[PDB]
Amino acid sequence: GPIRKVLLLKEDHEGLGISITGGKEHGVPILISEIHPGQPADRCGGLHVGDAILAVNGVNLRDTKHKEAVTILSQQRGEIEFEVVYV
């Protein structure tokens, strides 16, 4: 599928509402494995299990290890652009 850019809106007290797997040390993209019901990723309607996260907020995640991707993702606030692809 095509690259999509999806805007997620989260309030400061909530999480992103995703679980992720993969990353550079696994030789596969950062991948959404869960979408948590009622949380920001669920609510925006444009993020899905199976999506690769290529970038978040202009931060390239194509070549980032899992832990660093988790950290960057967890630092995001407010209106957040996800660059994703389901290949």
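Note that residue numbering follows the sequence shown and begins at 1.
Peer 1: Which has the higher mean CA temperature factor in the PDB entry, 19 to 27 or 69 to 77?
Peer 2: Between 69 to 77 and 19 to 27, it is 19 to 27.
Peer 1: According to the deposited model, is the average Cα temperature factor higher in 8 to 16 or in 59 to 67?
Peer 2: Comparing averages over the C-alpha atoms only gives 8 to 16.
Peer 1: Compare the C-alpha B factor of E34 with those of the other modelled residues in its chain, then answer lowest, middle or highest third.
Peer 2: Top third by C-alpha B-factor.
Peer 1: Splitting the chain's C-alpha B-factors into thirds, which one does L54 fall into?
Peer 2: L54: CA B-factor falls in the lowest third of its chain.
Peer 1: Against its chain's modelled residues, does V84's Cα B factor rank lowest, middle or highest third?
Peer 2: Answer is lowest: the recorded C-alpha B-factor places it there.
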